[PDB]
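Student: any chance you could fold what I've pasted below:
(one chain, ligands or ions: 1)
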Amino acid sequence: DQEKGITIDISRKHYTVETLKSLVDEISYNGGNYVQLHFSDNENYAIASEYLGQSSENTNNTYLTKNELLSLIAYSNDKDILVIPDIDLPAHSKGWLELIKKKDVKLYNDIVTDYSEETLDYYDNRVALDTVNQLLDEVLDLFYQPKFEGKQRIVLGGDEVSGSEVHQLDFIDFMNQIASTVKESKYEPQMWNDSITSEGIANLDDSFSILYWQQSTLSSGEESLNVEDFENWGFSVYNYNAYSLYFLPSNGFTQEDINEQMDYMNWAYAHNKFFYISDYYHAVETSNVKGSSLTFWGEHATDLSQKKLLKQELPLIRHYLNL
Ligand SMILES: CC(=O)N[C@H]1CN2CC[C@H](O)[C@@H]2[C@@H](O)[C@@H]1O
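Tutor: Numbers count the residues shown, from 1 in each chain. Find the structure here:
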């Protein structure tokens, strides 16, 4: 049984609760299993947070209200869709770090790396971990879904982490600590594949499942981890192929571009075709593949209305879910 899900970047682009419910409708209609809500990145923290100071119970341009988010989750569960929170750590963190800076600059200075305003200090910093863990505790409560008790998952990020290749055991220790936190709330942790190396794999909590979007290349020029490697160290993977299964909605696209994307998906997508350095659509014959996801990243969607976002995304959701 291979799962299929839709990942939605609501940090780079604003989505109303109605847009999101319409998208979930389409996921359910075509038998999709989950929706991954990527709500925390550099540009914005796009859900309500008592901890971070986003508490308005009024609809606004910056974050889903708590009531809106809970409504969305309940609507999803009623249609047998699991909602997977995605909070990106320790990089891709500028949006919530900027909120901490507002709340408490002393704390900000105690937890941000000295070189990157986008990156939480994962290099063995207890106050940084404690702060993260408080945020995670709020997120794990917010996304509680009793219908899926024992099956909940949370994406914890781990993509494009500066310093992670050199300082790999610190990165892995950090990821293991936040995995511990989510596992205490009976969530399965997940992370992207790209910043884990040969050096870290043996120390990484194999409770993690891996969102495998693009095989990395090490500073040596050597290939980084592939799906067989993950299998060999006890990790399950999901196919998030960066070419076949990424789409960036844009105001410059026409209907013809969406049709082309579907014709491209016809040949480029398969459940087990992963993005490897040698082959962008590499078929893997391992036993550790659990599913796939189409992801809508938000950074090109600047001038799109909500109606136009639906116009581009609905057909792509349907086409992917029926392939
Ligand atoms: C896991 C991942 O894809 N990470 C980044 C890189 N990808 C590549 C395609 C997008 O730019 C997207 C970007 O929005 C994401 O933040």
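
Student: next up, the contacts around the residue of the chain positioned farthest from its centre.
Tutor: Distance from the centre of the chain peaks at residue 106, with 29.1 Å (C-alpha atoms, centre = their mean). If you count contacts by C-beta atoms under 8 Å, 6 or more residues apart in numbering, residue 106 has none. Just so you know, the C-beta spots here come from the backbone N, C-alpha and C atoms, and that holds for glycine as well.

Student: equivalent analysis for residue 236, please.
Tutor: 209, 210, 230, 288, 289, 290.

Student: please tell me how far the fourth one sits from residue 305.
Tutor: Counting by C-beta to C-beta, to the nearest Å, the gap between residue 288 and residue 305 amounts to 41 Å.

Student: swap in the first one?
Tutor: Distance, residue 209 to residue 305, using C-beta to C-beta: 35 Å.

Student: the more surrounded of those two?
Tutor: residue 209 (20 against 10; other C-beta atoms under 10 Å).

Student: name whatever forms a beta bridge with that one.
Tutor: Taking DSSP bridges as the rule, residue 209 bridges to residue 190.

Student: didn't it look like it was pressed against residue 188?
Tutor: Yes. Between residue 209 and residue 188 there is a contact at 6.4 Å, judged by C-beta atoms under 8 Å.

Student: helix, strand or coil: sort out residue 174 for me.
Tutor: helix (DSSP: H, G, I helix; E, B strand; the rest coil).

Student: can you give me the helices in this structure?
Tutor: 17-29, 66-78, 94-103, 105-111, 126-142, 168-183, 227-232, 255-268, 306-322 (DSSP state H).

Student: residue 284: which of these is closest?
Tutor: helix 227-232 (4.7 Å; C-beta to C-beta).

Student: report all helices and strands that that closest one contacts.
Tutor: Where contact means 3 or more C-beta pairs under 8 Å, 6 or more residues apart in numbering; DSSP states H and E, helix 227-232 is packed against strand 209-212, strand 237-239.

Student: tell me the buried residues in that helix?
Tutor: 227, 229, 230, 231 (16 or more other C-beta atoms under 10 Å).

Student: tabulate these in JSON lines, adding columns for distance to the ligand.
Tutor: Converted to JSON lines, the buried residues of helix 227-232 look like this (distance: C-beta to the nearest ligand atom, whole Å):
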{"residue": "227", "distance to the ligand": "16"}
{"residue": "229", "distance to the ligand": "18"}
{"residue": "230", "distance to the ligand": "16"}
{"residue": "231", "distance to the ligand": "20"}
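
Student: about what we covered before: what's the most buried one of the helices and strands packed on helix 227-232?
Tutor: strand 237-239 (a mean of 25; mean count of other C-beta atoms under 10 Å).

Student: strand partners of that strand, parallel vs antiparallel please.
Tutor: Strand pairing (DSSP bridges) places strand 237-239 next to strand 209-212 (parallel), strand 289-296 (parallel).
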